[PDB]
Amino acid sequence: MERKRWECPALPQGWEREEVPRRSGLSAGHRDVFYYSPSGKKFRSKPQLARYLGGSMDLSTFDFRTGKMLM
DNA sequence: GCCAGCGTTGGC
DNA sequence: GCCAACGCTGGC
């Protein structure tokens with residue numbers, strides 16, 4: 001349970017994926033997933049992400065939780 | 001006033 | 001019963 005963040009190959013250049021494990025409460029150990037744009041904007045849901053990227057690329061098979069396209 | 005960190009909940 | 005999506009707010 002450590003924070004990890006770096007480039008997401010399923011998204012355009014400069015986009016990054018991050019996992020932050022929750023450290024306390026009932027949901028402790030749960031891992032939230034976020035994405036960051038090149039400009040550093042923080043995304044925490046696929047609908048949010050799709051309003052920025054959904055025109056520029058196909059997101060219909062992008063799995064927000066895993067960060068990969070569903071083959 | 002912001003926002004990281006967690007809880008709530010509707011849809012499945 | 002799980003979890004995507006997001007509401008809420010203590011601590012700053």
Side-chain angles (χ1 to χ4, degrees), chain A residues 3 5-6 8-12 14-22 24-25 27-55 57-64 66-70:
Chain A
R3 302 168 55 108
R5 165 176 178 171
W6 57 87
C8 181
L11 304 175
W15 286 79
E16 299 188 339
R17 185 185 174 263
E18 169 184 70
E19 306 176 358
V20 187
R22 302 183 179 197
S24 71
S27 56
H30 175 77
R31 305 182 73 95
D32 301 281
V33 171
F34 310 93
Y35 297 88
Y36 296 86
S37 71
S39 56
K41 181 182 165 69
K42 184 168 170 187
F43 296 83
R44 70 188 187 127
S45 82
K46 193 187 173 173
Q48 198 195 0
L49 188 60
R51 290 193 292 274
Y52 281 73
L53 279 177
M57 58 178 282
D58 189 4
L59 286 177
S60 48
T61 58
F62 177 75
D63 186 296
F64 190 94
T66 64
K68 317 182 195 185
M69 300 296 187
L70 294 147

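Proteins come first, then strands; the chains are lettered A, B, ... in the order of their sequence lines, and each starts at number 1.
For A:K42, taking side-chain heavy atoms from C-beta onward, the closest of the listed nucleotides B:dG5, C:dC6, B:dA4 is B:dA4. Of the candidate nucleotides C:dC6, B:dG7, B:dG5, B:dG5 has the atom nearest to the side chain of A:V20.
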Taking only nitrogen or oxygen atoms into account, show me every contact under 3.5 Å that the protein makes with nucleotides 7-11 of chain C, one pair per line with its distance.
from, atom 1, to, atom 2, distance (Å)
C:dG7, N7, A:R44, NH2, 3.0
C:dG7, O6, A:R44, NH1, 2.7

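To the nearest angstrom, P of C:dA5 lies 8 Å from CZ of A:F64. Look at CZ on A:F34: it is 13 Å from P on B:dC3, rounded to the nearest Å. The distance between atom CD of A:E19 and atom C1' of C:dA4, rounded to the nearest whole Å, is 16 Å. Put simply, CZ on A:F43 is 15 Å from P on C:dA5, counting in whole angstrom units. Regarding A:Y35, its OH atom lies at a distance of 14 Å from the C1' atom of C:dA5, rounded to whole Å. Atom-to-atom, CZ of A:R31 to P of C:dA5 comes out at 20 Å; the value is rounded to the nearest Å. Straight-line distance from the CD atom of A:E18 to the P atom of B:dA4: 9 Å, rounded to whole Å.
Each end of the helix from B:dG1-C:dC12 to B:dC12-C:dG1 gets its own rotation axis from five pairs of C1' atoms, and the angle between them is 20° to the nearest 10 degrees.
Two residues are said to be in side-chain contact when any heavy atoms from C-beta on lie closer than 4.5 Å; A:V20 and A:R3 meet this criterion.
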- Show your working on side-chain contact (heavy atoms from CB on, under 4.5 Å) between A:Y36 and A:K42 and close with a plain yes or no. CA-CA 5 Å; A:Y36 296 86; A:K42 184 168 170 187; 3.4 Å; yes
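Separation of the A:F62 and A:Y35 ring centroids falls under the 6.0 Å cut-off. When ring centroids are compared, A:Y52 and A:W15 stay outside the 6.0 Å threshold.
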